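Data first, discussion second: the structure below is written as structure tokens.
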Number of protein chains: 2
Amino acid sequence: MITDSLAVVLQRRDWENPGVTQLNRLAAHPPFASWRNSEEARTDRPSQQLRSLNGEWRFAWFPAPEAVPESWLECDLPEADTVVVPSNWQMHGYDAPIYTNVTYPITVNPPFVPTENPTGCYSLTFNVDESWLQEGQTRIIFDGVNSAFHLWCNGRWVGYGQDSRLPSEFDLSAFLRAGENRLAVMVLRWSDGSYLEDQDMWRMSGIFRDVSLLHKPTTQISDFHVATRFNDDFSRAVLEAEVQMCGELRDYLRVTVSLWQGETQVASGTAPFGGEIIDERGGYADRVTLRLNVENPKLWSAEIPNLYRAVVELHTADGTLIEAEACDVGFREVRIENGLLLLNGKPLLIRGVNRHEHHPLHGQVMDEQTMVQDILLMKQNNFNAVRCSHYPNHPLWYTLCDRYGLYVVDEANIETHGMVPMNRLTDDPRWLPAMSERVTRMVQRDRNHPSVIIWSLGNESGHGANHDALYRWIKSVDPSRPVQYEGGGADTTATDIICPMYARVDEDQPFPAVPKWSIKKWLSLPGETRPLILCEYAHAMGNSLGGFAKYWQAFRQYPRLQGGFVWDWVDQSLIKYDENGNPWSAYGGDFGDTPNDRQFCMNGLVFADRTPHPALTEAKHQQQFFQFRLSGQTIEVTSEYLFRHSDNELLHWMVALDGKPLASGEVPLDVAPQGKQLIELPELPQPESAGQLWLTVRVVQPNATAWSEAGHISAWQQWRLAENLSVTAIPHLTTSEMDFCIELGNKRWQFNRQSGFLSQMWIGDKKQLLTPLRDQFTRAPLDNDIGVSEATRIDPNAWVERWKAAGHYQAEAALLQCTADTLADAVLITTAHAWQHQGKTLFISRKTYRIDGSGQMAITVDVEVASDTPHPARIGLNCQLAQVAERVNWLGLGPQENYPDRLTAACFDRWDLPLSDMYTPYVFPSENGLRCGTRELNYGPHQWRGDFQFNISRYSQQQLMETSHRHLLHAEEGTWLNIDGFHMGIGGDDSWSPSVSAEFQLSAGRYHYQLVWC
Amino acid sequence: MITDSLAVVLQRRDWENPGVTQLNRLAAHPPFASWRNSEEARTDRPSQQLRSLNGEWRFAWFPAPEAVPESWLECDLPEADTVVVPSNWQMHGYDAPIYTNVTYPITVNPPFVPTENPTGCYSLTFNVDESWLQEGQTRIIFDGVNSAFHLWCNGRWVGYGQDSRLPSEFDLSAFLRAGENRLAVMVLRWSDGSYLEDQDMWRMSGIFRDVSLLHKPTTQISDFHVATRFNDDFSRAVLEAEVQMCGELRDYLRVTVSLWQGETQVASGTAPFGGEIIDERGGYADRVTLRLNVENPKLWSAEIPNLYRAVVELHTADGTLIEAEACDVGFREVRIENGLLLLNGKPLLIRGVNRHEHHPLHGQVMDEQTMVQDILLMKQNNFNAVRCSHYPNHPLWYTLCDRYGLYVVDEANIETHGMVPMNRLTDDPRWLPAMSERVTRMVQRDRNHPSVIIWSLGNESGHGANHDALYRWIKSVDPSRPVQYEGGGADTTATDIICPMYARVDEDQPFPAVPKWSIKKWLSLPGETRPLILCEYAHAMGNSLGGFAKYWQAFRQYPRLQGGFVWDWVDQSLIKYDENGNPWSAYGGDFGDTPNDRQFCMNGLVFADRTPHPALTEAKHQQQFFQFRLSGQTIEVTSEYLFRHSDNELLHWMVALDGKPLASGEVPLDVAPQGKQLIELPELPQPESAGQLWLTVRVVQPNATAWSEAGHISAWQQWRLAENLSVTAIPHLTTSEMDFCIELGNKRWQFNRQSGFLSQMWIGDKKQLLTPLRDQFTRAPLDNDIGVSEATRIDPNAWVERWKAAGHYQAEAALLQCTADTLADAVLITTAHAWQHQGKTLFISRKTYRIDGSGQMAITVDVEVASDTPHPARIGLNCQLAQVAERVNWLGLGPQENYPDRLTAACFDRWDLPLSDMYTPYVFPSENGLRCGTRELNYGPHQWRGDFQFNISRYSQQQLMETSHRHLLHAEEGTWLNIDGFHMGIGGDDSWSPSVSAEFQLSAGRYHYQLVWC
Ligand SMILES: [Mg+2]
Ligand SMILES: [Mg+2]
Ligand SMILES: [Mg+2]
Ligand SMILES: [Mg+2]
Ligand code: NA
Ligand code: NA
């Protein structure tokens, strides 16, 4: 009783000792259920011997582990509340979540953690049936506790446990009691294991994964591994099943492994225990290996997730079953051959994304509904791979990826980004035991899953000798999967794959000790033979993914460039509530948390509620499995599928002139994997009306799959066909000292002769303008334009910082000229302005306005940009229209928001969306909603014609600049229109340095665009 | 006080937990002294800041850790005794030492150890001066504690500590007190670390290495590494010195590294702290690297141990010294290039031996006198390398090897030989932390020593993924040394060198999973490129080392065969005392210890008191650095030295006829390393007297070295020169029914006509025989003949077992014929015997005795051996002479004991030694003292002539067989003579299977020898 007390238990402080990562934990193993019936094991029916302890527990919060009363070990505290397990207590409000990227949330003084260490005290009272107590072993499983904990059962201390993302299991046979039992779990927010958990995410704590009780027989299956070997043509396979036992060996004991394809058994093997000779002392008496021969196995892949059911049965020689274990088995082979990663003999092209385990309401607790949602959304957008971002995932995730077909990179829970230098602990042999635990237990838990094709040693922990040791350990224990690791320059001896973070396609980034080469240059470096897959690329923070097409062009052109994982899937935003009780998305620093990294937690392709960003469609288009070439009248369709024939594919093609359909067709796609199919279009229309003929093809899946509905579009492409160039009652000008007035029927135009801008336009007696039409050279800065710069530190190389230093946001227009001339059939208004900042002219705009007798006002704009000023974000016009209309109609690229470096997915057509659809609700507001390549734009009574880019919304660029949260934005009086002749790219290679390519930068000195308003 | 008590401290049972190998231990580092004066640091003068705690401590022994009273933490027990530290308490008699080879001394149930765990309680009361307490850090160092311990200082628990062969250091600053202080050390014999310490040696426990107090400044040198890079010709070298600091960094802090050659400084470097960029977070602020350029460095080797003194000084910018550290630096390079291990660019030939840390009186406590004795004896016998057998050694050993010139293989303390299978724990990731500690701390402690050229991962622990991980870790941390490991077949991915245990030269041993190829066949295996050095070969148990010349012939013939380490240096025998108080050598089971492996602990080339075995001279001759070829009149001398010229070498040559010197000479040896020198002998004598001319050369060192005296013979060789064949009063026979009597003057011969043997010989009236002269076909079995077989289990393939099964020791002679004929000038006695066992004739011996008128009795022996009986151990005669003489004089190979497969070191000559010198006192008695190639033997009045092998002593073969200890042997009435025509080899490849080569086996069916007695 004295040694079970908190005074004795907490005196050693195992959470400040990296030599102690666990006390009384059982060995790691593949997931178990201890079925007592082979048919239930085979059918994956719920097991009576696995009992979930999830539900309502009792919880008390304490500032430090020394504030917890000794009475809590005996009975529940009066001040304790009832909470739901699994959960995070920051999501219940007991303290604040912390978002930090690189800097540790605590003082960096390893292995010591703050004395004020927030402590959660969990209690559960539960009942155990006496049959569990009479015979067998009863263990508790904690699937995840953040970050360290101590365990009591009926007042007796059981074990400690540290690692937060792997299951923790303790034997409870000697502690449980017939009838009512109590569990006491003391959870510490900080431990020595927090130094290895510096991943860029919200810092939360508690029992955030499922807690369960498992009953096993005394003689039990303790471990089993499945391996699949193949011949050269994959027509024959061998399933090797190694089974280990615990308890007393008996001669009558047998293990049978049966393989099942649906309800049909395909192979079976029975043997007594006792393996082959290992060394001079013999072999494993408590192990057995079964070799099941499979002829014409069905191969697992992301395209066809062919799964077998393997049932391992421990039974007596007479036949009585003791315990059954089951796992899903995929027949696939992963290997790197001649510098290429092959799956089933074919080179892989990774269409991957990094995924964190995040929920906007439950924090870091994962449920099956959200996992299935994520997987379906990924596969509907042509992703075939997922990287478990910097920790092992919820166990159900790997099973779901097996069943649905996603390749998985499983990562050890090891990140030390905030260490100086980054390898300070990973080059220290005193932390080798902790890292080795974090790697070995992950491999032991997840080595049977077919979706797992690559092991990862962790993320951003430098390069140390511990990494080399653990890489070699993984290669020895599991040779069937390659190992990757990015720290230390992404090409060290601890990686089988060059996996740079945000390396660019064509630009080298020569950092002093860890250079970031361009991916094409990296491949050809002297002595380099390995394949390159970017572990992180195309940073998706806010309005991002510019230059994605460049990455995918390089991916398809260079063999050893085998793809990458986009960073990342979902924004790690949380839900807060305002004074009115309404929910809003929150990022770093919105909870009062100690030094934070603000909005850098939201880098996802979908919002926290899994609503897609506009960049998701760009990723889908660039990652599509069908490539199209147009030669004259023939469409060539190339299949990028490696294994499957296009047996649920149908190509639809349309020809339109200006969004007016002229021809349409449909052919069934019959193309072999990596094959070609030539498609002859019928005699195509030859219209005589002016316009540009457009050919659009689409791949539509007529039927439903497990992850998609009927009619799912999986690929598309558009081309320009033959163009036909266009070959085809006087406005009255009134002059006053203050204005230029032009009248034509019910239409009036006002030009202020002091500002040199069109102040007002009348239709009848109704004003059309709330703000004058003026040149705009700036945008509300994007996250890529800001890039790590802040008001306190400031990065002078960021685009927003250079624009502010040059005075683009503070530039003042000076009227250089303003003259009106009445032509024979039109009124000509010629204006000139100079935008100057502190005696330096940045831009000159010379404009012409021509109002003809047909009511059309053609505007010609010529803009000069000083070569020594930083390149402007846009050359266009902006105004606030007085009218709010429900629908926005335009002819151009759409229907989603698209930008000059992110418009490949956009198709030219006629689009009609509501005004709300024209605004992208980025949680951090910025410039958004732009539509490029637009020839015609209609909003209410106004039509704009030409070749321009535009965005339309109820928010101004100034409001988007000055507002930090999207729930603090208010619709303004009218509609803000931003029509642009030229727009700068958005970047996306990274979000801490400028990443817009030079060809997407407005670097020409002179620009010209025309525009018609009618 | 409650948490410091034994009830709370011992409740966790950290000695049954392999997850806990230490509590509150400081980091491992190179040896420190914390000099406060640079000159004292340079001159290696004793440091005032390092205080030895060796002396008289207080000791109490307990059956289990739970028997220790709580009062012991406060004051010394009345029952406690005063003992000397360092020591082993088994050597003080508190419990018995255990000798076991493979089987664990405890029940194999990891990680659990017996409840009855013997416990030693050590106490020291000491004083600390207040200057130590005012400022700085005070730490205690335990150089070695077996096997685990807990530490208290003034009643407060400090730390646990497990690993037994590496230093354990604990900070005592917060525990010490001004004035008197008490230390309490509770030492446990068994822990979870005992499973990794299953080395074949005596099992002892206690504080067997030195205990010391170190005072360091608060700002201190925490770690430093020295590295030497070279150019292609080794004319230029760079000394890289990396220094780490602990405490608060200050800008005025400096580190200076100066290199000293004697009293002359050769290089120096000063720098502030702050290393180069390591990664994206920068570099080590608390580290600095100095690069000292050395032109024409003097290179360290075993032949010339050229040493530099490096002084590392932490000091302020103004100049004030804070702390100085010093280490001896050798400039050498070790690398494997094209399958050869090179030192300083030259291929190495390892003349190595395995050495255990053993003392016959102090157990496993090492002192400088015995270390120096061992090193001098090794270098005097042409050893140039030593393998630290299965654990890191006493720190002074590496320094002594640096100063004297021995190559060192440093081995981690990891052996699991008794596990089934052997890799049960080394393939378990739950033991990876313990093994990683045992490897990393050894490397960290010993990485600066120039004598250490090869790292070893341990011994006989199978092959697991932990070995691969730790091999990769060593390769990453210290690339300057290759790593070897023998477990798992000696050629796995965890070794840079193929290092088989007892692989043979020409015979393969194909074991099921771990085949032991012949070393020549191993090199050529498909895909094999690595060098081969036998980590253990030529087992030296008892009368052993037969076939050593075969190993060394292969070593010099095959390039990639680069030598090996003999097993082993010294017998691990202990000293017990009889009833009369006299000391005797004891082996396993002589202390009553639980199942033991008897005399298998004594496999040394020298006795426990470091007295050489006869096999040491054979090793010396086979390992000599000068090879000799004789062509006509010219001696060709080849130097096997790689670096040194023969500048202390002088060749002496002698020509003798029958031990009578005819010519002698002397030439100064002037031969370059790996060079040749032709030596023209003067016109050699051409004697006309019959006999065989013999040329003997010797290499004598005229001067003294650090390890040898003046006149040291280092190499020798003998050849046969021209031979001149020999070209050049009646005994009365009396016949009776019982005897044949021959008389010639005062000489009489008696032949029993019932046994058919010469019963008695008279000179005057004095009997010359105590036992009749009879054929002998057996020997007292050697350790190689016994080979693991015992009366309980019995190995049927052992030579002694086959001889006993065939009945060689129980064979009975049957008289086939006995007839005497008187020739014209002589008496002819013809006898025939058949030795039969259960109706099966094994040997037939037909003899002729011819006594001429000159008193000579020539004996002709013809022996037939049945082809289906096992080959006999010898074909000779044995008798017990009635006379004991002081001197044994013979002309033949000598003067040491030599056998047909161990006679290359023996030289033909005339030898005169006392009768005691003719007996080898092997601790386990056996056949010994044999001298081969003997043409003349004189013992008192008797002369024996012919070509024979003989051994002469006061012990009979039956007595040697029936006696198990050499102190239980008693001299018999007369002298036992064993003259043999033919003798079987002794073997030595291993001592658990038959190892005598077929050409050394008496496999011919018929044998003949002649003999003259006069
Ligand atoms: Mg810990
Ligand atoms: Mg990071
Ligand atoms: Mg332990
Ligand atoms: Mg052994
Ligand atoms: Na590629
Ligand atoms: Na050689």
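Naming scheme: A, B, ... for chains in displayed order of the structure tokens; residues 1 onward per chain; ligands 1 onward as shown.
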_Could you list the protein, DNA and RNA residues that have any atom within 9 Å of ligand 1, counting only C-alpha atoms and all ligand atoms, and write them as JSON, numbers by chain?_
{"A": [13, 14, 15, 16, 17, 18, 19, 20, 21, 22, 111, 148, 160, 161, 162, 191, 192, 193, 434]}
Residues of the last selection are to be written out with C-alpha atoms, as a compact mmCIF listing (two decimals), in the first residue's frame.
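And here's out30.txt as it stands now:
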# COMPACT_ATOMS: atom_id res chain seq x y z
CA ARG A 13 9.72 10.80 -12.01
CA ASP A 14 9.81 8.35 -14.92
CA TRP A 15 8.41 11.10 -17.16
CA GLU A 16 11.71 12.99 -16.81
CA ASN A 17 13.81 9.88 -17.49
CA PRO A 18 14.40 8.77 -21.11
CA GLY A 19 15.88 5.52 -19.83
CA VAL A 20 12.38 4.58 -18.63
CA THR A 21 9.80 4.56 -21.42
CA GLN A 22 7.56 1.85 -19.91
CA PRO A 111 15.05 15.31 -20.30
CA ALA A 148 2.50 9.53 -20.50
CA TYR A 160 3.72 3.43 -16.47
CA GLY A 161 3.88 3.47 -20.29
CA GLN A 162 5.12 6.44 -22.39
CA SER A 191 7.27 13.69 -20.44
CA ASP A 192 10.72 12.94 -21.78
CA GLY A 193 8.83 11.45 -24.73
CA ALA A 434 13.44 5.49 -26.69
*asked:* Select, as a VMD selection string, those residues of chain A with any atom no more than 6 Å from chain B (distances computed using only C-alpha atoms).
replied: chain A and resid 279 281 to 283 420 to 422 433 465 469 472 to 473 476 513 to 514
*Nearest to ligand 4: which of B:103, B:199, B:77, B:59 is it, counting only C-alpha atoms and all ligand atoms?*
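With only C-alpha atoms and all ligand atoms as the atom set, the closest residue is B:199.
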Those in range 899-984 of chain B with strand (DSSP E) from DSSP, as a JSON list (two decimals) with N, CA, C and O atoms, in the first residue's frame:
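The result, stored in states.json:
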[["chain", "number", "residue", "atom", "x", "y", "z"],
["B", 907, "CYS", "N", 64.11, -28.05, -31.71],
["B", 907, "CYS", "CA", 65.33, -28.14, -32.51],
["B", 907, "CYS", "C", 66.08, -29.41, -32.13],
["B", 907, "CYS", "O", 66.11, -29.80, -30.96],
["B", 908, "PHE", "N", 66.68, -30.05, -33.12],
["B", 908, "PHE", "CA", 67.53, -31.20, -32.85],
["B", 908, "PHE", "C", 68.84, -30.75, -32.21],
["B", 908, "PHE", "O", 69.53, -29.88, -32.72],
["B", 909, "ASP", "N", 69.17, -31.37, -31.08],
["B", 909, "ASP", "CA", 70.40, -31.06, -30.36],
["B", 909, "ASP", "C", 70.65, -32.04, -29.23],
["B", 909, "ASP", "O", 69.92, -33.02, -29.07],
["B", 910, "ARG", "N", 71.68, -31.77, -28.44],
["B", 910, "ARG", "CA", 71.93, -32.50, -27.21],
["B", 910, "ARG", "C", 71.39, -31.69, -26.04],
["B", 910, "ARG", "O", 71.80, -30.55, -25.83],
["B", 911, "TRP", "N", 70.46, -32.28, -25.29],
["B", 911, "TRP", "CA", 69.77, -31.58, -24.22],
["B", 911, "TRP", "C", 70.00, -32.30, -22.90],
["B", 911, "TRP", "O", 70.04, -33.53, -22.84],
["B", 912, "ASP", "N", 70.14, -31.51, -21.83],
["B", 912, "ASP", "CA", 70.42, -32.04, -20.50],
["B", 912, "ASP", "C", 69.58, -31.24, -19.51],
["B", 912, "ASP", "O", 69.89, -30.09, -19.20],
["B", 913, "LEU", "N", 68.50, -31.85, -19.02],
["B", 913, "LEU", "CA", 67.58, -31.23, -18.08],
["B", 913, "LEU", "C", 67.36, -32.14, -16.87],
["B", 913, "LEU", "O", 67.54, -33.36, -16.96],
["B", 914, "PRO", "N", 66.98, -31.57, -15.73],
["B", 914, "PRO", "CA", 66.61, -32.41, -14.59],
["B", 914, "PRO", "C", 65.32, -33.17, -14.85],
["B", 914, "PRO", "O", 64.48, -32.78, -15.67],
["B", 931, "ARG", "N", 59.17, -36.39, -25.92],
["B", 931, "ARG", "CA", 60.19, -35.80, -26.77],
["B", 931, "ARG", "C", 60.30, -36.65, -28.03],
["B", 931, "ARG", "O", 60.60, -37.84, -27.95],
["B", 932, "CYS", "N", 60.07, -36.03, -29.18],
["B", 932, "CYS", "CA", 60.10, -36.73, -30.45],
["B", 932, "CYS", "C", 61.49, -36.67, -31.08],
["B", 932, "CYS", "O", 62.38, -35.95, -30.62],
["B", 933, "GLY", "N", 61.67, -37.45, -32.13],
["B", 933, "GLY", "CA", 62.87, -37.39, -32.95],
["B", 933, "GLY", "C", 64.16, -37.65, -32.20],
["B", 933, "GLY", "O", 65.19, -37.04, -32.51],
["B", 934, "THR", "N", 64.13, -38.56, -31.24],
["B", 934, "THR", "CA", 65.26, -38.79, -30.35],
["B", 934, "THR", "C", 66.08, -39.97, -30.85],
["B", 934, "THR", "O", 65.55, -41.08, -31.01],
["B", 935, "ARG", "N", 67.36, -39.73, -31.09],
["B", 935, "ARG", "CA", 68.28, -40.77, -31.54],
["B", 935, "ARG", "C", 69.01, -41.43, -30.38],
["B", 935, "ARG", "O", 69.32, -42.62, -30.47],
["B", 936, "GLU", "N", 69.27, -40.69, -29.31],
["B", 936, "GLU", "CA", 69.95, -41.21, -28.14],
["B", 936, "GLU", "C", 69.28, -40.66, -26.89],
["B", 936, "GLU", "O", 68.96, -39.47, -26.83],
["B", 937, "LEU", "N", 69.05, -41.53, -25.91],
["B", 937, "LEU", "CA", 68.50, -41.13, -24.62],
["B", 937, "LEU", "C", 69.33, -41.75, -23.51],
["B", 937, "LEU", "O", 69.57, -42.96, -23.52],
["B", 938, "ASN", "N", 69.76, -40.92, -22.56],
["B", 938, "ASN", "CA", 70.56, -41.37, -21.43],
["B", 938, "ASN", "C", 69.84, -41.01, -20.14],
["B", 938, "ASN", "O", 69.45, -39.86, -19.95],
["B", 939, "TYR", "N", 69.68, -42.00, -19.26],
["B", 939, "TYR", "CA", 69.09, -41.79, -17.94],
["B", 939, "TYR", "C", 69.87, -42.65, -16.96],
["B", 939, "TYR", "O", 69.69, -43.87, -16.92],
["B", 942, "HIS", "N", 71.71, -46.07, -18.08],
["B", 942, "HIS", "CA", 71.05, -46.67, -19.23],
["B", 942, "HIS", "C", 71.13, -45.73, -20.42],
["B", 942, "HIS", "O", 70.88, -44.53, -20.29],
["B", 943, "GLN", "N", 71.47, -46.29, -21.58],
["B", 943, "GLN", "CA", 71.41, -45.57, -22.84],
["B", 943, "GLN", "C", 70.46, -46.29, -23.79],
["B", 943, "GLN", "O", 70.52, -47.51, -23.92],
["B", 944, "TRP", "N", 69.59, -45.52, -24.43],
["B", 944, "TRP", "CA", 68.67, -46.04, -25.44],
["B", 944, "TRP", "C", 68.95, -45.34, -26.76],
["B", 944, "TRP", "O", 69.03, -44.11, -26.81],
["B", 945, "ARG", "N", 69.10, -46.12, -27.83],
["B", 945, "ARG", "CA", 69.47, -45.59, -29.13],
["B", 945, "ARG", "C", 68.48, -46.06, -30.19],
["B", 945, "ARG", "O", 67.86, -47.12, -30.07],
["B", 946, "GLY", "N", 68.33, -45.24, -31.23],
["B", 946, "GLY", "CA", 67.45, -45.58, -32.33],
["B", 946, "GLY", "C", 66.80, -44.36, -32.95],
["B", 946, "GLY", "O", 67.46, -43.35, -33.18],
["B", 947, "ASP", "N", 65.51, -44.46, -33.23],
["B", 947, "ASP", "CA", 64.71, -43.32, -33.67],
["B", 947, "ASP", "C", 63.35, -43.50, -33.01],
["B", 947, "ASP", "O", 62.53, -44.31, -33.47],
["B", 948, "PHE", "N", 63.11, -42.76, -31.94],
["B", 948, "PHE", "CA", 61.96, -43.02, -31.08],
["B", 948, "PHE", "C", 61.47, -41.72, -30.48],
["B", 948, "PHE", "O", 62.11, -40.67, -30.57],
["B", 949, "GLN", "N", 60.30, -41.80, -29.86],
["B", 949, "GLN", "CA", 59.77, -40.76, -29.00],
["B", 949, "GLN", "C", 59.69, -41.32, -27.59],
["B", 949, "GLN", "O", 59.43, -42.51, -27.40],
["B", 950, "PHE", "N", 59.94, -40.47, -26.60],
["B", 950, "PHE", "CA", 59.96, -40.94, -25.23],
["B", 950, "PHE", "C", 59.42, -39.86, -24.31],
["B", 950, "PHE", "O", 59.52, -38.66, -24.60],
["B", 951, "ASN", "N", 58.85, -40.29, -23.20],
["B", 951, "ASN", "CA", 58.59, -39.43, -22.05],
["B", 951, "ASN", "C", 59.03, -40.17, -20.81],
["B", 951, "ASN", "O", 58.94, -41.40, -20.74],
["B", 952, "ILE", "N", 59.55, -39.43, -19.84],
["B", 952, "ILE", "CA", 60.15, -40.01, -18.64],
["B", 952, "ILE", "C", 59.69, -39.21, -17.43],
["B", 952, "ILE", "O", 59.78, -37.98, -17.43],
["B", 953, "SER", "N", 59.17, -39.89, -16.42],
["B", 953, "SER", "CA", 58.68, -39.22, -15.22],
["B", 953, "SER", "C", 58.42, -40.25, -14.13],
["B", 953, "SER", "O", 58.53, -41.46, -14.35],
["B", 975, "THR", "N", 61.19, -44.77, -11.89],
["B", 975, "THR", "CA", 60.96, -43.88, -13.02],
["B", 975, "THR", "C", 60.21, -44.64, -14.10],
["B", 975, "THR", "O", 60.62, -45.74, -14.48],
["B", 976, "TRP", "N", 59.13, -44.06, -14.60],
["B", 976, "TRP", "CA", 58.34, -44.66, -15.66],
["B", 976, "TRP", "C", 58.85, -44.15, -17.00],
["B", 976, "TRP", "O", 58.81, -42.94, -17.27],
["B", 977, "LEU", "N", 59.35, -45.05, -17.83],
["B", 977, "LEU", "CA", 59.83, -44.71, -19.16],
["B", 977, "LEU", "C", 58.83, -45.20, -20.20],
["B", 977, "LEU", "O", 58.36, -46.33, -20.14],
["B", 978, "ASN", "N", 58.50, -44.33, -21.15],
["B", 978, "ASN", "CA", 57.62, -44.65, -22.27],
["B", 978, "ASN", "C", 58.38, -44.37, -23.56],
["B", 978, "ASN", "O", 58.30, -43.26, -24.09],
["B", 979, "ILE", "N", 59.08, -45.37, -24.09],
["B", 979, "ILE", "CA", 59.74, -45.23, -25.39],
["B", 979, "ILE", "C", 58.79, -45.72, -26.47],
["B", 979, "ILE", "O", 58.27, -46.84, -26.40],
["B", 980, "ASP", "N", 58.56, -44.88, -27.48],
["B", 980, "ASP", "CA", 57.59, -45.16, -28.51],
["B", 980, "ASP", "C", 58.23, -45.09, -29.89],
["B", 980, "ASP", "O", 58.94, -44.14, -30.20],
["B", 981, "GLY", "N", 57.98, -46.12, -30.70],
["B", 981, "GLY", "CA", 58.27, -46.00, -32.12],
["B", 981, "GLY", "C", 57.37, -45.01, -32.82],
["B", 981, "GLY", "O", 57.84, -44.23, -33.65],
["B", 982, "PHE", "N", 56.08, -45.02, -32.49],
["B", 982, "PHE", "CA", 55.10, -44.17, -33.15],
["B", 982, "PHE", "C", 54.13, -43.61, -32.13],
["B", 982, "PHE", "O", 53.73, -44.31, -31.20],
["B", 983, "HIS", "N", 53.77, -42.35, -32.30],
["B", 983, "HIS", "CA", 52.87, -41.67, -31.38],
["B", 983, "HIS", "C", 51.84, -40.88, -32.18],
["B", 983, "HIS", "O", 52.17, -40.24, -33.18]]
_Would you pick out the contacts of residue 805 in chain B at 9 Å or less, using only C-alpha atoms, so that residues sharing its chain but fewer than 4 positions from it are not included, and give the list as a ChimeraX atom specification?_
/B:796,800-801
_Interatomic distance, CA of residue 887 in chain B to CA of residue 763 in chain B (Å, one decimal)_ =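 Distance between the two atoms: 19.9 Å.
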*Enumerate residues in contact with ligand 6: an atom-to-atom distance of at most 7 Å, counting only C-alpha atoms and all ligand atoms. Format the result as a list in words.*
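Taking only C-alpha atoms and all ligand atoms into account, the residues around ligand 6 at most 7 Å away are residues 349, 555, 556, 557, 558, 559, 560, 561, 562 and 563 of chain B.
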*asked:* Which residues are near residue 851 in chain B? Cut-off 10 Å, only C-alpha atoms, ignore same chain within fewer than 3 positions. Put them as a PyMOL selection string.
replied: chain B and resi 730-732+742-744+749+822-823+825-829+848+854-859+1012-1014
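Considering the residues A:552, A:577, A:485, A:142 and counting only C-alpha atoms, residue 535 in chain A has its shortest atom-to-atom contact with A:485.
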